[PDB]
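Presented below is the structure to which this report refers.
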Amino acid sequence: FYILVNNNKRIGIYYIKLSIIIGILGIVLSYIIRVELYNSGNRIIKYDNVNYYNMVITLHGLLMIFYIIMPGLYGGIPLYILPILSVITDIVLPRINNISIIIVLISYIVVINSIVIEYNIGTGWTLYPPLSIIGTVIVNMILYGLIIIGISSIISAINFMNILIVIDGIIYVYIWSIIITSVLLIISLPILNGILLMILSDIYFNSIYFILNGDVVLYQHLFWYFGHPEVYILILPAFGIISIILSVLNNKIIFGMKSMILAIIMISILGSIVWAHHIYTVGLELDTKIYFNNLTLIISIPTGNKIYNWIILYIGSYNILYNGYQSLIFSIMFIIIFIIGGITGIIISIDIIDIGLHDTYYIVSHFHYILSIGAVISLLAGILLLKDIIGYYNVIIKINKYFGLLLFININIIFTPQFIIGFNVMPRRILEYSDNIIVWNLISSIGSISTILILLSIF
Amino acid sequence: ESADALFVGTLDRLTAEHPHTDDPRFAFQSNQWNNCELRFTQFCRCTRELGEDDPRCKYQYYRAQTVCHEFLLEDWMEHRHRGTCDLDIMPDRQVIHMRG
Amino acid sequence: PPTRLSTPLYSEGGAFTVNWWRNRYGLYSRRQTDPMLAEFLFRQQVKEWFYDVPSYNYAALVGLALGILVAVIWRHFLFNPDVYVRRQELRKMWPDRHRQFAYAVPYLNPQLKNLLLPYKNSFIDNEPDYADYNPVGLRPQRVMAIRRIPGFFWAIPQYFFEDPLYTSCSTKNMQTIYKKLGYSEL
Amino acid sequence: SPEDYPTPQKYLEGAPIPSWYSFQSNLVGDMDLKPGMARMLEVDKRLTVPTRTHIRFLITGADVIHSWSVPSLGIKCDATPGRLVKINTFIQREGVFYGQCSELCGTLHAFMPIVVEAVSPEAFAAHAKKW
Amino acid sequence: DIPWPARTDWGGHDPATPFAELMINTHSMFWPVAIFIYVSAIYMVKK
Amino acid sequence: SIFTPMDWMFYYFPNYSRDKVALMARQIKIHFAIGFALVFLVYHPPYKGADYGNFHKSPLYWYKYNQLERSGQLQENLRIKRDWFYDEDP
Amino acid sequence: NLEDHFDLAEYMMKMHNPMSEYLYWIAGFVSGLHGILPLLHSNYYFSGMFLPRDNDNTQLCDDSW
Amino acid sequence: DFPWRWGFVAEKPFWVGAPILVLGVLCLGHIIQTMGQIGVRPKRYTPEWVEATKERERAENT
Ligand SMILES: CCCCCCCCCCCCCCCCCC(=O)OC[C@H](COP(=O)([O-])OCC(O)COP(=O)([O-])OC[C@@H](COC(=O)CCCCCCCCCCCCCCCCC)OC(=O)CCCCCCCCCCCCCCCCC)OC(=O)CCCCCCCCCCCCCCCCC
Ligand code: HEA
Ligand code: HEA
Ligand SMILES: CCCCCCCC/C=C/CCCCCCCC(=O)OC[C@H](COP(=O)(O)OCCN)OC(=O)CCCCCCC/C=C/CCCCCCCC
Ligand code: CUA
Ligand SMILES: [O-][O-]
Ligand SMILES: [Cu+2]
Ligand SMILES: [K+]
Ligand SMILES: [Mg+2]
């Protein structure tokens, strides 16, 4: 059978397969955005169809976060190796594992169908009210997709937590990475569901939470109380992969295993209490701002310890071993790239700097360097390491120095200029802009078309 | 005359002599919504005691404008004229202490 | 860390000790099925996590972060004029909330705000004292600091008396220049 | 009592109490642009303010969350419904400072720019007296 | 005041308020620390 | 122990460190109390820290101040360099 | 059985029918079309053209083409 | 074991091919993005409009 299979390794393959498929839609949307932003004027979207651009950016964000990177790094690699790393025959909950992937596909079909049938409008992937609650039915459909996705995420989290009860070996760092992400999901998702239900109540049940005398800033608190834990639910599995690859390929035992583990635990606790750095410009109280700014800067400490522990893993490794394997290059590239993204995160963490840089393309470049570059490369590196175990073929990736170089160069051509226009300043979530920002926007656009072309050479 | 005369008498006086400065009761927060509602309630209570024509109540309206945007005031001023403004209901017709 | 089960482990008395940890570590464990095996696994975990020097650094960081967190929560509830848990004042119109207005000025003047505001001259080149004077009296009058903020402010001289242009950029000299032109009052 | 409603003595003696003036600022359309206007940033009514003066900006949003951003003045305040956020500023040099809405607000989020022109206090007084 | 073509404007440009100057200098103050953090770490990415 | 390598704590204070579980608990408690105290003893205290006539002037402040005072640099530094806006056009 | 030892044995042993690969690529291609086709449809619905001409929402020179 | 395209590319030295490929991909991207704007001449980029902006900047001391 195909759909009935409960094999945990087969389901892991399904997650990667579906992430690539849905990923095609994600990348296409990204190409639309960059094409439009190539100059000033209308290029591929009419001025009377500006609502489509708002929908393109909204769906891009939602799909890449919840339907591509999360299903790939928390559903794909985890479901394939975690039961093996735990020296257990199979996953604890076989039937739940099957329904989770089916749920993801069904929620994807709902979203894309809503593109085709509903009027196309957008409110960002952060679905801020009151804009989200005064929209058309496409917003209702997107809400159903998120809630359905939430069901799959929570049940998958329950599945991984049960490994503690059955693990027959040692909890390796990677296993710790997934367990903590599962804990972060169990604690953050129920809050998200509540606020999403309130968005529905105002959309569909004549509720009045997001109209005057009701505080719209309330949504942002509950949303981001899940929002930021989400960005670490998306990065922590990547960290777990990086640890395995560096140790295996360099033939070096992980250094400071317990510090790696305790760094992951620390990032989670801290990541659960820093959400309001996304709400700096709303007008929060001075002491609140100072608390959140202080705790946000603390997250660098545990995150920094992991980075340096990775570096010493690559240091001192034997020279005779060939170092041009794509998996090793990607793992090393992750350290180089993640530091850029994190440092810019610390810059935006200072609220006074953030006043200038909120809702600008500097924020875009910041989270792209971590996700669009770092997380993607980590997932690629992990799949590449498991090529023999997974068994896929008909691609030229394993040893392809051209692909790695071209990808690194062109991805930086896209997002490095977006840091510059952040002090120009070019707001986010816009399509038209002043003529004096064309140069940098044009350079980034040339980078986007080039990256897409390099994706064709792998076949 | 006294240097601390503004603080003496009321905390209200401070913004009455300096209309475009922070009110002592709300300077800790950037959000000034509560400040607007207090100022409007004070305009509502002035008219009940002195009438609309009194220069004092006219100035209490200017003070309310200093912190309240026009779109809010126009709406709240219509509710007041009808007799549905909850900040102006006479105290003996309030329901706040009923059924709980 | 002993390597023989015959050699006992020292424990203090209290609610977080080696004995306290042993009693609870294997409560949910299917692997500690007999004394010998249970002790071996217990010492294995203790050796790995509590005899690891770098692990203690994270213990410090969690304590510091949590202590700040608990205190900021408590401070809002106890002192912030805008946080209401009692209802007496919420059953009255805004002009009548005198007990809650009492928190306003004390909360507007925390110690660190008074201590660190004078150091704005380490971030502003022109008129760093533009907002120092205020005739109302809700806050103290501000005097510019005599030294740069300790740390990464190497771009400015360690002490402002060393800087040649500092005095000519003050809001007082700027006011003099513009008042001589009739340009503005401030 | 009358004294529970503090009012300056000048107004009690018959001085005119100040009024307020409201105006709407809209983007200049592409077909209405003039040879020298900056596309995507020009407006039909600018906000004139005096320089070397402390100004309190109270910012709110009527319908959805906008954001009033003027990068040159170091201001980025969210215009959120229900919150009247206070922003204090002190302009030091004359000029025209251009900004854009910084919170996705709907279809035309990219078409509501923020233009503030700072002039000398004597110039501002003359402008305010005429407009 | 207004964006200008092909400008890095690293940390901001053309401040017209004391607060605007503060923002630019806060970024400039931390920028060398960021470079140190990057250079010091990247130099050791090798066998 | 604050900013302390715990390897040193284990070596120089063997009896205080004998129970490593209890030692870990004290580490957490000590730093918890430090964070709590900072908020309510350094930040919260109302109407304090506004004595700007008592700015600390360290020994290095005076070394550099006297050096410039001895020469004319201190007087020259404090002098207002310009107090006019426009130069006179010949 | 030996045939059942490996998951997806036909593919891993390199005997699978190529149609399975074609369907996977087709499915991805259809997913991509969900971003392009509604763009064209929406453009025509609100303008009457499937795609704009660069800078046709702005003033153009007489000889512009 | 590889198709012609990879056999051709993988035969050359990496630092001979890589630099040429990098430039080629970038050039192609620009070409693709220029095909839809051949002959487009917005009025705001003409010399007359360029001068008028300079006048505005002088008046506003931008
Ligand atoms: C991000 C991209 C780039 C990534 C680069 C990096 C990649 C790194 C490597 C990643 C590796 C990941 C792990 C891979 C593990 C692979 C394991 C594996 O192979 O499993 C075996 C698995 C199945 O093999 P098997 O065990 O032999 O299975 C036997 C079957 O179960 C049984 O055989 P059967 O023949 O009996 O099968 C039944 C068959 C029966 O099939 C037939 O009879 C087919 C007949 C021909 C139909 C052909 C299509 C016709 C379309 C017509 C369209 C007309 C349009 C007209 C428009 C007019 C306009 C005016 O199918 C069905 O009945 C159901 C088919 C359902 C699925 C297809 C759905 C298509 C789209 C539908 C859209 C619908 C939209 C509706 C909207 C409605 C709105 C109202 O393999 C596959 O399924 C194929 C996988 C191929 C790729 C593997 C990965 C290779 C490496 C990556 C390459 C790059 C890919 C990039 C993405 C794609 C780009 C486009
Ligand atoms: C996985 C993705 C991911 C990751 C890891 C992070 C990590 C961090 N992010 Fe995040 N962030 C996002 C994804 C991510 N972020 C997204 C998607 C948004 C926008 C959402 C939206 O607004 O719609 C966002 C937005 C965002 C903002 C909002 C800015 C604004 O709205 O204007 C801020 C500011 O506080 C922030 C801060 C941080 C910080 C401080 C970290 C830290 O984790 C970084 C820690 C890492 C380092 C610091 C470098 C490594 C450590 C060292 C080298 C040690 C030495 C360094 C020091 C001592 C400083 N992020
Ligand atoms: C992880 C999520 C993710 C990923 C991969 C990307 C990838 C890209 N994004 Fe991203 N983007 C977001 C998440 C992501 N983005 C979010 C959350 C927003 C904000 C949404 C909002 O504003 O509301 C955003 C916004 C955003 C905008 C802002 C539009 C706007 O609001 O004004 C732009 C264009 O400038 C853009 C461009 C790109 C480009 C050019 C790529 C990439 O194409 C760059 C090239 C890289 C690749 C093509 C490889 C990607 C491959 C995969 C993802 C598949 C991996 C699968 C396996 C390895 C199995 N993105
Ligand atoms: C079981 C027997 C019956 C018990 C019946 C109890 C019934 C009532 C229970 C109500 C909820 C619990 C709190 C009771 C508080 C009683 C005292 C009281 O009124 O407190 C008011 C006071 C502020 O009142 P106002 O004057 O209106 O505001 C002035 C400006 N800020 O509020 C409080 O102190 C109570 C609210 C906070 C409670 C919790 C303590 C605060 C800190 C929480 C920290 C959370 C983080 C984790 C901490 C971990 C442990 C350190
Ligand atoms: Cu208004 Cu954006
Ligand atoms: O979000 O960081
Ligand atoms: Cu965040
Ligand atoms: K455009
Ligand atoms: Mg915003």
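Proteins get letters first, then strands, A, B, ... in listed order; numbering begins at 1 in each. Hydrogens, waters and symmetry mates are skipped; everything else that's a heavy atom, side chains included, is used.
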Subject >> Proximal component of A:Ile45, with respect to chain G [non-hydrogen, under 4.5 Å] >> reply: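 For A:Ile45, the contact with chain G is made by backbone and side chain together.
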Subject >> Side chain / backbone / both / neither for A:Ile13 at chain G, heavy atoms under 4.5 Å >> reply: side chain
Tabulate, with distances rounded to 0.1 Å, every donor-acceptor pair spanning chain A and chain G at under 3.5 Å.
| residue | atom | partner | partner atom | Å |
| --- | --- | --- | --- | --- |
| G:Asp7 | OD1 | A:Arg10 | NE | 3.0 |
| G:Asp7 | OD1 | A:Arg10 | NH2 | 3.1 |
| G:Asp7 | OD2 | A:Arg10 | NE | 3.1 |
| G:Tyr11 | O | A:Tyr393 | OH | 2.8 |
| G:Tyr11 | OH | A:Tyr393 | N | 3.4 |
| G:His16 | ND1 | A:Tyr393 | OH | 3.3 |
| G:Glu21 | OE2 | A:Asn394 | ND2 | 3.1 |
| G:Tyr24 | OH | A:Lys17 | O | 2.9 |
| G:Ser31 | OG | A:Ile21 | O | 3.1 |
| G:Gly35 | O | A:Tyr52 | OH | 2.6 |
| G:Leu39 | N | A:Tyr52 | OH | 3.4 |
| G:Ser42 | OG | A:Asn49 | OD1 | 3.4 |
| G:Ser42 | OG | A:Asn49 | ND2 | 2.7 |
| G:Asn43 | OD1 | A:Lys46 | N | 3.3 |
| G:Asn43 | OD1 | A:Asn49 | ND2 | 2.8 |
| G:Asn43 | ND2 | A:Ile44 | O | 3.0 |
| G:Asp54 | OD1 | A:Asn39 | ND2 | 3.3 |
| G:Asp54 | OD2 | A:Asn39 | ND2 | 3.4 |
| G:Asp54 | OD2 | A:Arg43 | NH1 | 2.8 |
| G:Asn55 | N | A:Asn42 | O | 3.2 |
| G:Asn55 | ND2 | A:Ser40 | O | 3.1 |
| G:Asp56 | N | A:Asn42 | OD1 | 3.2 |
| G:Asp56 | OD1 | A:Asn42 | ND2 | 2.7 |
| G:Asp56 | OD2 | A:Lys46 | NZ | 3.0 |
| G:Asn57 | N | A:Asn42 | OD1 | 3.3 |
| G:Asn57 | OD1 | A:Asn42 | N | 3.0 |
| G:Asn57 | ND2 | A:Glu432 | OE2 | 3.3 |

Subject >> Pairs touching residues 448-459 of chain A that satisfy salt bridge (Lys or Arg N to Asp or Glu O under 4.0 Å), sequence neighbours left out >> reply: none
Subject >> Pairs satisfying salt bridge (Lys or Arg N to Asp or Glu O under 4.0 Å), at least one member in residues 32-43 of chain G, at least two apart >> reply: none
**OP:** Count the heavy atoms of every other residue, nucleotide or ligand shown that sit under 6.0 Å from CD1 of A:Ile3, and state whether that count exceeds 12.
**Re:**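 Atom CD1 in A:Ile3 is not packed in, count stays at 12 or less.
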Subject >> Heavy atoms from other residues, nucleotides or ligands near CG of A:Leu4 exceed 12 (cutoff 6.0 Å) >> reply: yes
Subject >> Winner by heavy-atom pair count (cut-off under 4.5 Å) against chain A, out of G:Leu51, G:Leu8, G:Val30 >> reply: G:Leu8
Subject >> Closest-packed option against chain G by number of heavy-atom pairs under 4.5 Å, given A:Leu29, A:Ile44, A:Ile32 >> reply: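 With the most close heavy-atom pairs to chain G, the winner is A:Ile44.
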Subject >> Winner by heavy-atom pair count (cut-off under 4.5 Å) against chain G, out of A:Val5, A:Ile22, A:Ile20 >> reply: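 Top option by heavy-atom pairs under 4.5 Å: A:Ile20.
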**OP:** Identify, with sequence neighbours excluded, every residue that meets side chain to side chain contact (heavy atoms under 4.5 Å, CB included) alongside G:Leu33.
**Re:**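 By the side chain to side chain contact (heavy atoms under 4.5 Å, CB included) rule, G:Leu33 matches G:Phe29, G:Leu37.
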